[PDB]
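All remarks here apply to the structure that follows.
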Number of protein chains: 18
Amino acid sequence: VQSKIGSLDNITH
Amino acid sequence: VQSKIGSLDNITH
Amino acid sequence: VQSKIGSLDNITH
Amino acid sequence: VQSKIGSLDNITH
Amino acid sequence: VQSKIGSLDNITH
Amino acid sequence: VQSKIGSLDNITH
Amino acid sequence: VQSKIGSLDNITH
Amino acid sequence: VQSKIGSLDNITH
Amino acid sequence: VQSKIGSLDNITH
Amino acid sequence: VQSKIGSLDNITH
Amino acid sequence: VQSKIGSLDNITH
Amino acid sequence: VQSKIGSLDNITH
Amino acid sequence: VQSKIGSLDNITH
Amino acid sequence: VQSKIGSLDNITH
Amino acid sequence: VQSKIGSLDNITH
Amino acid sequence: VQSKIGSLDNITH
Amino acid sequence: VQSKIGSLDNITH
Amino acid sequence: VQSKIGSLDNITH
């Protein structure tokens with residue numbers, strides 16, 4: 001409800 | 001409800 | 001509810 | 001049983 | 001049983 | 001039983 | 001809800 | 001909710 | 001909620 | 001669920 | 001759930 | 001849940 | 001949502 | 001949500 | 001939420 | 001759910 | 001749930 | 001839940 005997600009996982013090899 | 005998703009996974013090899 | 005997530009995991013090899 | 005309501009799953013391997 | 005209502009699944013391999 | 005309501009799961013391996 | 005399960009295995013990666 | 005389960009294994013990585 | 005489980009194993013990594 | 005009502009009797013004069 | 005009501009009786013005169 | 005009501009009786013004159 | 005689900009109504013006048 | 005779920009109503013006048 | 005869940009109402013006048 | 005109600009009058013006899 | 005109600009009057013006899 | 005109510009009057013006889 002009126003929320004945001006930018007990123008959950010940022011997996012950089 | 002009135003929410004946003006920008007990105008979940010950003011997997012860069 | 002009116003919350004934000006910037007990032008959960010930042011896994012840099 | 002083994003159900004979901006309003007959930008978010010981000011499964012990565 | 002083994003059902004979903006209003007969910008988001010992001011499964012990556 | 002073994003259910004979810006409004007949850008977020010981020011499982012990484 | 002009436003449910004019967006003989007055996008349940010949840011494996012997540 | 002009435003539930004019956006013989007055996008339950010949850011393995012998470 | 002009425003529940004019956006014979007054996008329950010939760011393994012988390 | 002697995003319930004009983006011995007008699008549902010509503011009389012108005 | 002597995003309950004009883006011996007008699008549901010509502011009389012109005 | 002596994003409960004009883006011996007008699008539900010409401011009379012109005 | 002905004003419904004009458006699994007209910008019993010006994011209205012007398 | 002905003003519902004009547006699994007309820008019994010016995011209204012007399 | 002804002003509901004009547006698993007309730008019994010016995011209203012007489 | 002995005003509900004709007006102007007006015008709700010409920011009388012039970 | 002995003003509910004709005006102007007005024008709620010409830011009378012029970 | 002994001003609820004708004006202007007005024008709630010409740011009378012029980």
Side-chain angles (χ1 to χ4, degrees), chain H, chain I:
Chain H
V1 180
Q2 301 186 325
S3 178
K4 298 176 185 182
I5 304 180
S7 62
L8 177 46
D9 300 314
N10 298 322
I11 303 180
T12 311
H13 291 275
Chain I
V1 180
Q2 301 186 325
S3 178
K4 298 176 185 182
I5 304 180
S7 62
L8 177 46
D9 300 314
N10 298 322
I11 303 180
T12 311
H13 291 275

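So that the names make sense, note that chain A is the first sequence line, chain B the second, and so on, each numbered from 1.
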I'd like to check I:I11 versus H:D9 (side-chain heavy atoms, cut-off strictly below 4.5 Å). Are they in contact? no

Drop me the distance from H:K4's NZ to I:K4's NZ, to the nearest 0.5 angstrom. 5.0 Å

Here the gap from I:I5 atom CD1 to H:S3 atom OG, rounded to the nearest 0.5 Å, amounts to 7.0 Å

